[PDB]
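Working notes, structure below.
Chains: A, B, C, D, E, F, G, H, I, J, K and L, in written order; residue numbering restarts at 1 for each.
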Amino acid sequence: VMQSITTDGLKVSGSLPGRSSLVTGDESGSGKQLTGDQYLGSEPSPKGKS
Amino acid sequence: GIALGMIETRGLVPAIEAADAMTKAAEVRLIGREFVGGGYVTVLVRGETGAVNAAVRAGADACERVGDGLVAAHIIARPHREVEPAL
Amino acid sequence: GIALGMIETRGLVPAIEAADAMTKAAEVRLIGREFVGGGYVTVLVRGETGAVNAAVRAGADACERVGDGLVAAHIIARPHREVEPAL
Amino acid sequence: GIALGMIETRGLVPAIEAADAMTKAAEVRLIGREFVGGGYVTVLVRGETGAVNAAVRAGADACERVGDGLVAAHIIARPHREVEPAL
Amino acid sequence: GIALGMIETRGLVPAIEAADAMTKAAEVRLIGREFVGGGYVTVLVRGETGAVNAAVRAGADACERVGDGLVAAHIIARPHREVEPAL
Amino acid sequence: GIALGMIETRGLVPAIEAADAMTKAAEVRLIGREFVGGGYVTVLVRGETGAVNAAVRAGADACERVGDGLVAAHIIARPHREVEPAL
Amino acid sequence: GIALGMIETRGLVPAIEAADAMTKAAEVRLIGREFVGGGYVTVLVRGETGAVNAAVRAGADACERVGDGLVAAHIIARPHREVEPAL
Amino acid sequence: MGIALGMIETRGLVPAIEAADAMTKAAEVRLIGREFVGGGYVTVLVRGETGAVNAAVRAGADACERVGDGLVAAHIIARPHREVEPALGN
Amino acid sequence: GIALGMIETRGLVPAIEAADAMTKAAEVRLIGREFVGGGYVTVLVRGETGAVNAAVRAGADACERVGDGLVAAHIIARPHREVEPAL
Amino acid sequence: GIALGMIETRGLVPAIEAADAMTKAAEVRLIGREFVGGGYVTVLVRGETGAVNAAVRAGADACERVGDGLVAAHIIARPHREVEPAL
Amino acid sequence: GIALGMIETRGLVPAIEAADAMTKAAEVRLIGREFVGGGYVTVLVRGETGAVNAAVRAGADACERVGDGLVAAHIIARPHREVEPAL
Amino acid sequence: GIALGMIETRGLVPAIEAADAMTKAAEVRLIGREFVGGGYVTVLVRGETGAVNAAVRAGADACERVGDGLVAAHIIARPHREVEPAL
């Protein structure tokens, strides 16, 4: 079970296909300004554009 | 999509507005709205993992202050082939 | 009249007084009378968006001084066709 | 086999996640679910003693922090004959 | 037999330890499985006074540490006939 | 519904997501998306004035943060037939 | 599948480079390339919700500094069917 | 039907097997292959849509980081080029 | 060739200046000329990757301060099969 | 038995003695002996969960004094059917 | 072009992501995927000199932060006919 | 004979020396020699328990000085029937 915090601060959990430092590939763009709507937790994501 | 999204609350009103957030967020088909009891109300959705994630997350972002508010929005990515009677 | 208004109350007395407020206030049809369990009771009406707005405004102004009072009063104007199985 | 494992929690979300842990961690046959009341939901699964123990162990570990939490996780290896009709 | 043994608890986990403790402690037949509501779960057995006394003692001494705990475990010696058709 | 709701912004991205807000907020049917010029984009929807107001306010409230923000949110509850050839 | 992804800039050069990033980043099909007016340009893609996220995120957040720059980016998991004429 | 590629590397086959088990317990990803790089390096390859790939790869990663020697490289291809799989062995 | 060289600027003057520079500086065949709006003009040319790079750099260099100036330029070696409909 | 136990070691002396420990400690069936490469040797046995765990424990403690010792010890109970083609 | 680009790296994962960078950076064709042995994996592509140079630059720039890092990377622009039997 | 003697070494030259000690230490049949990978070489012979023990001691006393030499040397008296499919 992995955890995450919603854009309004609420508490969610599950498989949660977010961003993790163990896995590479999903670095580009995740760090900078959040787009419209919402999918990614308020938890900050690693950077390393690469 | 077979991924199962799950979200629980207290009271039918937050559950049904969460179901609204489900049907307005992403391609998730609600397969069951059941009453646990003691005020606990359940809503399930079925879809693709990403769609399910976005939908459940939006539902959480929508249900926080609806009376009682959110209780649990924990989800899975694949139900087992046996859990269908339990669904 | 597609808009769906819904009220959550502590017990059947606030529930039915709220339903009466719905039916006296604006043009709605009562589609749902649900007993959550643990005292939670939810009432579901359908009607025009502004009609539901005025009606449930009246019901929310009705329920504060009745018994234990409101829990969750909400309004949704767009119930999807797939939400009907939950209705 | 005949060993009975079973998990109690509050809210159906941790119940289904515990059930998923059962049927994803070990080879057991889920015999049913029960809505006790007051929010209490329990999953009953069947299997051999080692599989049942490993399953309930993994499920408790997963279900600790999900939603509003676990209540009791137990293992039965030799259910008696008149105990079964309770299921 | 004719004596009535009874035990009830918060949550059904300690109820089922109560039940199988009933069965393992002595030869006694179970007559009732009750979901009272609000988390109260009850089990009723029928047997001889000594057997039911030993059974209920074993159950109350076994299942309290299991789960949230036992709440009541009474034993009657001369069950009146008038209670029977209420059961 | 025949009453008009309509949204104006810079860049059609806020326009189309505000139209999504239109069609998720109240029972309204959109009739047109128009490129006014110089980045100005408008969306034009039918509906009854209660639904029109609800949807238009929803889009305005969900639209300001996207792109350059709003330019004008306006409703008319009695559109003339003579205006239609301009639509 | 039907998730709608959005990219919006001034000048079609960052727009089309974001589009190349789309068709190089995730399984999303671009279905429109629209000239807003006044130099504002938009690309309109379709694909899976997570795919739309990955694609749009990478492309838009990588091409902000390309020339005079991207203005906004946005994602819709499900546009309403009635919003079809915009497509 | 998902064609995004979720594929990772482990030192030794024990982490490979248990990580693939978590991979196929965490999403609907089709296990398309296991390859022995040489010297104990094992790469596992699955196909699925982007979100499922992301979640399952994450789960396999935090399950395999400790098992045996541990994870080596965990990566997520979302657009495998048409020519890659024929060079990948299809 | 398959690589796509591409420049864009304020007003048609520097546009044809970059075009003339490219067609004189590389093995490039001019294929697209877009009036974008607000004075944004884009010239896009097809050729081999080295030729694309040389043409883009030569045009950008010879087009620096003339007119109202460039806004950007880029060297794309392969747009996808689905990107050429955008041109 | 469907549970799959499996371990890793340096060379074949520990692998073969570990397989012997597998067989002697528990009555399970071996399904694979795989040469990972570079001295990496793994063994793959099939049996019920308790037998799997016991046999693996016996083999694990029986190899540290053997050769270069154990590298990776692991037990899983329910592997997915997707792993079977890799087996 | 017959220019031969080729990249060696720590295992297969950086090799595959480098091939992704190959096919998304410039016009190249994968002629070879080789597992040297001992953890070395090499990718072999052909194309025009400038295109292959840009592609291999992009492949490296991708591979440094992937896995254990890059091992070796070279650009042979004129493969002799005597080299062809080696590829 | 069913007793297993079998030895690990670095490079097959000490392995051949160990097999030489096998063939002139006692009359035991060899079942094979194998290249493990990474330079590890395994020699496996079968015979009677005393002959196997004497041969293995001779090989351990012989081949341990050549190069790196012996890596692992131990015997199995009566291997299980499930083990031999690995041979």
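The working rule: a residue touches a chain if its C-beta (ideal position, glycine included) is under 8 Å from a C-beta of that chain, and two chains touch if they have at least 3 such contacts.
Going by UniProt, the chains are B, C, D, E, F, G, H, I, J, K, L = Major carboxysome shell protein CsoS1.
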Chain separated most widely from chain A, comparing mean CA positions: L
Listed chain pair C-F, B-G or B-C that repeats interface G-I [over half of contact pairs the same by residue number]: B-C
Rounded Å distance, chain G centre to chain J centre (Cα mean): 51
Distance from chain I to chain A - Cα centre to Cα centre, in angstrom: 37
Cα-centroid distance, chain H relative to chain J, in whole angstrom: 22
Set of chain I residues in contact with two or more other chains: 37-38
Set of chain A residues in contact with two or more other chains: 1, 13, 15-17, 24-26, 36-37, 39
List of chain G residues in touch with chain H within their complex: 23-27, 48-51, 53-55
Of all residues in chain B, those that touch chain H in their complex: 2-3, 48-51, 53, 77-78
Complex contacts: residues of chain H adjacent to chain K: 5, 7-9, 35-41, 43, 72-75, 77, 79-81, 83-84, 86-89
Complex contact set, residues of chain D against chain A: 17, 62, 65-66
Residue ranges of chain A touching chain B (in the complex, touch as defined): 1, 4, 6-8, 10-17, 37-39
